[PDB]
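**Student:** just need the structure, nothing else, for what follows:
(chains A and B)
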Amino acid sequence: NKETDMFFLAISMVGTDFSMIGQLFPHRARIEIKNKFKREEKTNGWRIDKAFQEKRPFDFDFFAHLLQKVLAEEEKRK
Amino acid sequence: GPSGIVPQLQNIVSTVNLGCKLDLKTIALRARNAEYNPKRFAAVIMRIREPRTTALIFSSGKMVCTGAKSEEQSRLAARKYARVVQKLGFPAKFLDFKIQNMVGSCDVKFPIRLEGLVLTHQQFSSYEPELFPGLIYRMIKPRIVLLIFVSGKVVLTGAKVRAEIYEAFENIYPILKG
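**Tutor:** Residues are numbered from 1 along each chain as shown, chains lettered A, B, ... in the order given. I have put the structure below:
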């Protein structure tokens, strides 16, 4: 679930640029991003549209940092 | 006559000449849905959810679009991409629209004993089960390539208009039946 929220927040932040997406996550390839989109669209087209509208300020260090923190939190709690 | 099943198109391919120079980096920067990655390939890809399609833009003033179910939908998607490009600041135009390819599929709802078909049509029906489960058949009127499977489904590709897919299906159906 949290990883799903991460793709949604990323694509809000940057749009549907699967290459940059796959680069920023540590072990997700562009093909994985495409497969995830193809799975999720049917139930989350509304969320994709909201994200396209949600042109959130894409800061490099801010997002890298919040990523690292929440990955660490998820790994510890999972 | 038909078995009551009409071939269903699954993908359409169309392209246009934009008629102006473009910068891949500028489009990638200014567009939400643009993807750019010159280290791998020097082109910009495009996506829209309606019509559900993927397209590419090139600095030479070219566009390709695919994923639509009908040729009019592919033209609509391509015109939407051209509208986006024009509103991005490029003096693009919709020049020389053409359809390149479209894919269809159908079914006959009975088992296909492929060995008989390859034994009666080896000249054109290329069968090989090892690497690929489906049979491959190329026919001439029109210039279409066909894929055939034991379950009775068929995939058709290489056409420009749905009439070609229908004609090919109707021609092959008697061969499929016997």
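**Student:** and chain B, which residues reach chain A?
**Tutor:** Contact residues (C-beta under 8 Å from any C-beta of the partner chain) of chain B with chain A: B:28, B:31, B:32, B:33, B:34, B:35, B:36, B:37, B:40, B:47, B:49. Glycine gets a C-beta too; all of them are placed from N, C-alpha and C.
**Student:** the residue of chain B found nearest chain A and residue B:122: what is the separation?
**Tutor:** Taking C-beta to the nearest C-beta, chain A has its nearest neighbour within chain B at residue B:32, 3.8 Å off. Distance, residue B:32 to residue B:122, by C-beta to C-beta, to the nearest Å: 52 Å.
**Student:** now, of the residues of chain B next to chain A, which are buried?
**Tutor:** Buried residues within these, counting neighbours by 16 or more other C-beta atoms under 10 Å in any protein chain shown: B:28, B:31, B:32, B:33, B:34, B:35, B:36, B:37, B:47.
**Student:** now for those, which pair is the farthest apart?
**Tutor:** B:32 and B:37 (16.3 Å; C-beta to C-beta).
**Student:** identify the residue nearest the residue in chain A that chain B sits nearest to in space, chain neighbours excluded?
**Tutor:** Nearest residue of chain A to chain B: residue A:15, at 3.8 Å (C-beta to the nearest C-beta). Excluding its sequence neighbours, the residue lying closest to residue A:15 (C-beta to C-beta, 6 or more residues apart in numbering or on different chains) is residue B:32, at 3.8 Å.
**Student:** hang on, the one you found packs against residue A:16?
**Tutor:** Yes: under the criterion of C-beta atoms under 8 Å, residue B:32 makes contact with residue A:16 at 7.3 Å.
**Student:** joint contacts of these two?
**Tutor:** Common contact partners of residue B:32 and residue A:16 (C-beta atoms under 8 Å, 6 or more residues apart in numbering or on different chains): residue A:52.
**Student:** can you give me the helices in chain B?
**Tutor:** Counting by DSSP state H, chain B has helices at residues B:24-30, B:71-87, B:114-121, B:162-177.
**Student:** which residues touch the residue positioned nearest the centre of chain B?
**Tutor:** Among the residues of chain B, residue B:102 comes closest to the average C-alpha position under C-alpha atoms, centre = their mean, at 3.5 Å. Contact partners of residue B:102, counting by C-beta under 8 Å, 6+ apart, are B:9, B:11, B:12, B:13, B:71, B:157, B:159, B:160, B:161, B:162, B:165.
**Student:** do residue A:26 as well
**Tutor:** Counting by C-beta under 8 Å, 6+ apart, the residues that residue A:26 touches are residue A:71.
**Student:** let's verify it: helix, strand, or coil?
**Tutor:** coil (DSSP: H, G, I helix; E, B strand; the rest coil).
**Student:** list phi and psi for it.
**Tutor:** Residue A:26 adopts backbone torsions of phi -80, psi -30, taken as degrees, to the nearest 10.
**Student:** what of residue B:88?
**Tutor:** phi -70, psi -10.
**Student:** now it, nearest residue through space, not along the chain?
**Tutor:** Spatial nearest neighbour of residue B:88, excluding adjacent residues (C-beta to C-beta, 6+ apart): residue B:30 at 5.4 Å.
**Student:** same question for residue B:14.
**Tutor:** Of all residues not flanking residue B:14 in the chain, residue B:74 sits nearest, at 4.2 Å (C-beta to C-beta, 6+ apart).
**Student:** quick one: the one you found and residue B:68 touch, right?
**Tutor:** Yes: with contact defined as C-beta under 8 Å, residue B:74 reaches residue B:68; the gap is 3.8 Å.
**Student:** what residues are shared contacts of the two?
**Tutor:** B:12, B:14, B:51, B:53.
**Student:** residues of chain A that sit close to chain B?
**Tutor:** A:15, A:16, A:17, A:18, A:19, A:20, A:41, A:45, A:48, A:49, A:52, A:55.
**Student:** any of those buried? List them.
**Tutor:** Buried, going by 16+ other C-beta under 10 Å: A:15, A:16, A:17, A:18, A:19, A:20, A:48, out of the residues of chain A next to chain B.
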